Amino acid sequence: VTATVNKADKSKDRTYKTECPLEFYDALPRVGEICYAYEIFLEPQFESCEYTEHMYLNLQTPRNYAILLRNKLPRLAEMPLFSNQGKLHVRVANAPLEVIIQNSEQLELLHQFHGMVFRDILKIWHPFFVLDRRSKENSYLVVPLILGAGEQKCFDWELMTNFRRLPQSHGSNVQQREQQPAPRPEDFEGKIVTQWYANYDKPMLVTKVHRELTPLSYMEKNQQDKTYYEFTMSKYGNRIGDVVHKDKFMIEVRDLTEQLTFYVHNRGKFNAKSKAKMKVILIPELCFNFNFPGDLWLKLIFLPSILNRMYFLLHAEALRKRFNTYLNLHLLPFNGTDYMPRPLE
Amino acid sequence: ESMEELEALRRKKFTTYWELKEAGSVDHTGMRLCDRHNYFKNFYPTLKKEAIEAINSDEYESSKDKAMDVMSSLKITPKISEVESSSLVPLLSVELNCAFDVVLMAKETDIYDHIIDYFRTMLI
């Protein structure tokens, strides 16, 4: 304290080694061991409207995912998030789902799906990213969850084995169009699609199919004297080559935001009426179809923010328990096993 | 023509030479450097009106999409390459390949909005 050595470097900073919460250390599920799954629920606060239905109804879908650990999680508080449509509420299941891993290949399938989500769906991937099995720090897993018999919920095995990697979209030519089977309205309903002709290869969620609307029909607005087919040719004739399956059904699709960090309330003049009036109509065989359902994609999009917030809430819980035990106040009903977390203010 | 041919023929030859040497750096806009910035202003209204309508449109899905649509509107071809850098986030440069030698560069999270700002400023 009396030394003059550190008087000059007053406003410097220091580097520190971060450490995961104890729950997220050695959390990699193991064969022959009991593992716990915590379903993550999301509740939209904003009203469902022409600017918001595709997010509201999709979030309220019963299909969800869960976090899988060897280490039991404590109770966690309700969590707010801010999407473009409005404020969003997130919670973690207080009652873990418990299953047993029995063979290596099932764990490999789980880990493959976990890697695929970040590599393709979120595009958090880097060239130097490698999957880890050391069961060292930050080794928890993510598993999609599908409703089981009755009220029970179970793992979506077919989804994981079907999507070890996302299929690359490709531009089929006219002969490829002819040899391919006709599009089916049910195979598109609720699925993720992307356009393989234009530079816009980014995915989108089709809200619903329009089986009653076919090419040569006049459009919605402005160019009401023009038809879908003629505009598609005039726009991208040199890209598409030609159109096959002329008389088939059309679809109406809405876009998926690229944001990942929804902590802070993004604000602006969203012009909901005009943003709804730009009703995007696309030709099915002109846009590649993923079998991946959007009711899981619009919830996987929020995964990074939730994971980071949980990463820090676990440290907050650890500190709270340490202090309440140190002061000998832990035996109180306020701080005991009946500890009820309160939503973040 | 005696002096005119001596000028035009070597113009063609040297312009082709520089175009094959560098793919850019060839100035054939015909405008004085004191006023070469008026290049984007002096296009036909056909491209300009629709380009400014696109760049003024707020419904666009993303800044990248807006940039690509505006650039395609002026029929100007893109050219994006990765410049070497010490930054973890890649440092990307964009070349427009038009007669006016123009190049822009930033982080790839900002290159599209940078193109938005550039074409917003120039197109009037």
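Residues numbered from 1 in each chain as written, not as in the entry; some residues may be left out. Chains lettered and ligands numbered in written order. Part of a larger assembly, values for the part shown. Heavy atoms only, no water.

- This entry, as listed in the PDB, derives from cryo-EM and reports a resolution of 3.72 Å.

### Considerations on the environment of A:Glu105
All names here are of chain A.
Logical step 1: With respect to the helices and strands, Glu 105 occurs in helix α2 (residues 104-121).
Logical step 2: Sequence separation between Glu 105 and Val 31 is 74 residues, and the spatial gap between their C-alpha atoms is 9.9 Å.
Logical step 3: Polar side-chain contacts of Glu 105 include one of 3.3 Å to the side chain of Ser 104. (Helix = DSSP H or I, 4+ residues; strand = E, 2+ residues; numbered from the N terminus. Polar contact = N/O pair within 3.5 Å; in protein donor to acceptor, adjacent residues only side chain to side chain.)

### Quick notes on the interface of chain B and chain A
Logical step 1: Between chain B and chain A, the contact holds six residues from the first and seven residues from the second.
Logical step 2: Summing both partners gives a buried area of about 620 Å² for chain B against chain A, and 47% of it is carried by carbon and sulfur.
Logical step 3: It is B:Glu59, B:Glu61 and B:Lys64 that lose the most area in chain B upon contact with chain A, and together they represent 65% of the buried surface on that side.
Logical step 4: The tally of links between chain B and chain A comes to zero salt bridges. (Contact = heavy atoms within 4.5 Å. Buried area = accessible area lost by both parts, 1.4 Å probe. Salt bridge = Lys/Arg side-chain N within 4 Å of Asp/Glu carboxyl O.)

### With respect to helix α3 (residues 63-73) of chain B
Logical step 1: Looking at α3(B), one finds that the buried residues are B:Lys64, B:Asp65, B:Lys66, B:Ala67, B:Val70, B:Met71 and B:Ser73.
Logical step 2: Considering only its buried residues, α3(B) is in contact with α2 (45-55) and α4 (108-122) of chain B. (Buried < 20%, exposed > 50% of the residue type's maximum accessible area, 1.4 Å probe, protein only.)

### A word on the nonpolar core
Logical step 1: A:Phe24, A:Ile67, A:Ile121, A:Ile251, A:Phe292, A:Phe302 and A:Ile306 are the most contacted members of the largest nonpolar core, which has 91 residues in total.
Logical step 2: Tallying contributions element by element places α2(A) first for this core, with eight residues.
Logical step 3: With near-sequence residues (within four places) excluded, A:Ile251 lies in contact with A:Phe188, A:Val206, A:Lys208, A:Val209, A:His210, A:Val280, A:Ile281, A:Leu282, A:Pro284 and A:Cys287.
Logical step 4: Of all hydrophobic cores here, the second largest spans 23 residues; its members include B:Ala51, B:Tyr60, B:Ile76 and B:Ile115. (Core = buried A, V, L, I, M, F, W, Y, C linked by side-chain atoms within 4.5 Å.)

### What to know about the packing of α2(B) against α3(B)
Axes are the key here: two packed helices are described by the angle between their axes and the distance separating the axes.
Residue and element names in this part refer to chain B.
Logical step 1: Look at α2 against α3: their axes get within 9 Å of each other, and the N-to-C directions meet at 175°. In terms of orientation, α2 lies roughly antiparallel with respect to α3. Where α2 approaches α3, its residues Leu 47, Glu 50, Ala 51, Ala 54 and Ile 55 are matched on the opposing element by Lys 66, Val 70 and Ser 73.
Logical step 2: By residue class, the composition of the contact of α2 with α3 is five nonpolar, one polar and two charged. (Axes fitted to C-alpha atoms, helices over the stretch in contact; angles between N-to-C directions. Parallel < 35°, antiparallel > 145°, perpendicular 65-115°, else oblique. Nonpolar A, V, L, I, M, F, W, Y, C, P; charged D, E, K, R; others polar.)

### Examining the packing of aromatic side chains
Logical step 1: All chains considered together, the criterion is met by 23 aromatic pairs over all chains.
Logical step 2: Here A:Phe46 and A:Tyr56 contribute two aromatic rings whose centre-to-centre distance is 6.3 Å and whose plane-to-plane angle is 70°, an arrangement assigned as edge-to-face. Pair noted here: A:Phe46 is in the loop between β1 (34-44) and α1 (53-59) and A:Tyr56 is in helix α1, with a separation of ten residues, a long-range link.
Logical step 3: Judged by relative accessible area, which is 17%, A:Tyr56 ranks as buried.
Logical step 4: With a centroid separation of 5.7 Å and an interplanar angle of 55°, the aromatic rings of B:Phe40 and B:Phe43 are classed as tilted.
Logical step 5: What makes B:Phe40 buried here is its relative accessible area of 1%.
Logical step 6: An aromatic cluster of three or more residues is present, and its members are B:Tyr39, B:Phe40, B:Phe43, B:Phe100, B:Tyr118 and B:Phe119.
Logical step 7: Taking NZ or CZ as reference, A:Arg91 lies 4.3 Å from the ring centre of A:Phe41, over its face.
Logical step 8: Positioned over the ring face of A:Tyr229 is A:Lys246, at 4.2 Å from the centre of the ring. (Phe/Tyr/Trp six-rings, centres within 6.5 Å; stacked < 30°, edge-to-face > 60°. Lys NZ or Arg CZ within 6 Å of the ring centre and 35° of its normal.)

### Considering the packing of α3(B) against α4(B)
Residue and element names in this part refer to chain B.
Logical step 1: With their axes 8 Å apart at the nearest point, α3 and α4 run at an angle of 45° to one another. By the angle between their axes, α3 is oblique relative to α4. Considering only the axes of α3 and α4, their crossing is left-handed. On α4, the residues touching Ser 63, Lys 64, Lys 66, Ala 67, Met 68, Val 70 and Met 71 of α3 are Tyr 112, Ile 115, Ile 116 and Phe 119. (Left-handed = near helix turned anticlockwise from the far one by under 90°.)

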